[PDB]
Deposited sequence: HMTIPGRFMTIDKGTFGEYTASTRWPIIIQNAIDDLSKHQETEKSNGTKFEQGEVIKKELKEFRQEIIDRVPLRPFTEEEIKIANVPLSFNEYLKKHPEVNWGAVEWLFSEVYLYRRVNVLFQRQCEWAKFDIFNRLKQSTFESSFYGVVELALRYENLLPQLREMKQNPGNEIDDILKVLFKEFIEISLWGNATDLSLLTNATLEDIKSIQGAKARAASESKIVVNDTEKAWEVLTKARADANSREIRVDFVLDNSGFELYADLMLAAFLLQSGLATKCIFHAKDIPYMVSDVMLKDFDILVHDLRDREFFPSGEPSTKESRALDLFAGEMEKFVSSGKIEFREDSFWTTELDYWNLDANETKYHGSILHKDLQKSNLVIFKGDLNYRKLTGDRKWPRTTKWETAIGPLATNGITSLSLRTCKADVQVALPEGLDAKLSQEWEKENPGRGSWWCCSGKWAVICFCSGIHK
């Protein structure tokens, strides 16, 4: 089995990322922390505690630049911040790994844990999300797109109820189109039967170099003719989360699903990844006319946003949408650990629970990297091979991934060469980095048997 991508691997996107991107992220956190300091008094416990975090962040950023060895977490840090013990277990088995030379996957997870520790050490900042300012401003600028979808949903809803109420092969054909639509909207994160609509799908689907959406459509259609549970291992908040809720809402109203369970992160993570509280913030944002300026409540734009917001609450009340968090999602462990033999860090718990799912949707690049172990697979490698135990341990999984990392699998022969030639124009000498640009995407399915 190939090793994992490293921060030392010359000519890899991971090399650039570790050395360049991460120092910038820590800097942004310092600046955003400062930005937040402006809105509060310049003394007292909270301010001074901010000064301690700010300083330690500066030092931590410098650690990464200086390429120092990754230190274990102290027993005290573990207690105060409830750090999973998996980290120190990994470091023992990986002596003297430094930022300049360490497994990409680990050090990236490890980075956000170190940052979290800093905040949880200061009581007044334990619950503070240093990336919330960024999440919000990004979601606010998606105002146009949020409304468009809200309008699309309101006008589809009467029709969806009718399609579920009177279902036949005639209606299935229509639903398939909408299924691919909402899948792909969810995929790309941030009329339908006409030309422009058809021109749009074809353009999107062209950049989906592998597309197993039909198979997921089969598991659900089949299950509907047997209690249909769909799972979302989430990625980013804002519009991507909004898109995911739209997919869920579509599935629930059409009858393709009866309960959608969302799995979120339990700490500020990957800057913009979803936490439990990000769902409530989203709904509040929809209703906030200062955040999303759609005018007076009577406007069509306002009504649509309020409708969907109300649809979210209703689904939660009735138990059709449920959000969850688990420390496992924020550990370094890949999803080969979603197996019965991982009894230390909830891996076995989630696996047992994910077996009950008719379809588990893994969102985003990180989730894709954890599925494939972030390993240097030949890019033609079979999908079932790269996911390890997940191919057989009884989990039905669908991966909606925008390609943003060196890892890539399940490509047909020759396609890696073609796409590399295409991207060669944008990134000369590094055509292979096409799967790190986010321009292309893949949809991979596995029954679990």
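Stretches with no C-alpha position, numbering per deposited sequence from 1: Residues missing from the model, as numbered along the full deposited sequence, span 1-3, 194-206, 243-246, 470-471.
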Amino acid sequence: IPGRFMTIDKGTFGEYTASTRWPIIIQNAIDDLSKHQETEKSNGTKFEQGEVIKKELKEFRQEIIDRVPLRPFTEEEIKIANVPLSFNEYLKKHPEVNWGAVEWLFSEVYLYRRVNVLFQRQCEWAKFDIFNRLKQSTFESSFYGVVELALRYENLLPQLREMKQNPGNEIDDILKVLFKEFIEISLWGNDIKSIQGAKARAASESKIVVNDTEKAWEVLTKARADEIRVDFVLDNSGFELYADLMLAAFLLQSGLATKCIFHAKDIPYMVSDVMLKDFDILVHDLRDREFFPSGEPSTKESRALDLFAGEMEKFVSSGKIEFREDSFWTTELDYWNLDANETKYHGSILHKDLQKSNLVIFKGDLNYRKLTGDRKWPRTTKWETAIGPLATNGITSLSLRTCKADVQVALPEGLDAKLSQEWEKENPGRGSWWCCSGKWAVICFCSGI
From here on, numbers count along this sequence of modelled residues.
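Selected stretch [higher average CA B-factor]: 103-111 or 303-311: Taking the mean B-factor of the alpha carbons in each, 303-311 is higher.
172-180 or 241-249, whichever carries the higher mean Cα B-factor: According to the entry, 172-180 carries the higher average C-alpha B-factor.
Peak C-alpha temperature factor (PDB record), options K79, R324, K215, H284: The record points to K215.
Residue selected from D365, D273, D266, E205 by maximal Cα B factor: Each of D365, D273, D266, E205 was compared by C-alpha B-factor; the highest is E205.
Third of the chain, ranked by Cα B-factor, where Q49 sits: Tercile = lowest for this residue's CA B-factor.
Entry-reported Cα temperature factor of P84, expressed as the chain third it lands in: Its C-alpha B-factor belongs to the lowest third of this chain's values.
Where the record places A386 (Cα B-factor, split into thirds across the chain): It belongs to the highest third of the chain when residues are ordered by C-alpha B-factor.
Record-listed C-alpha B factor of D191: chain third: CA B-factor rank for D191: highest third.
CA B-factor placement of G319, once the chain's modelled residues are sorted into thirds: Lowest third of the chain for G319's C-alpha B-factor.
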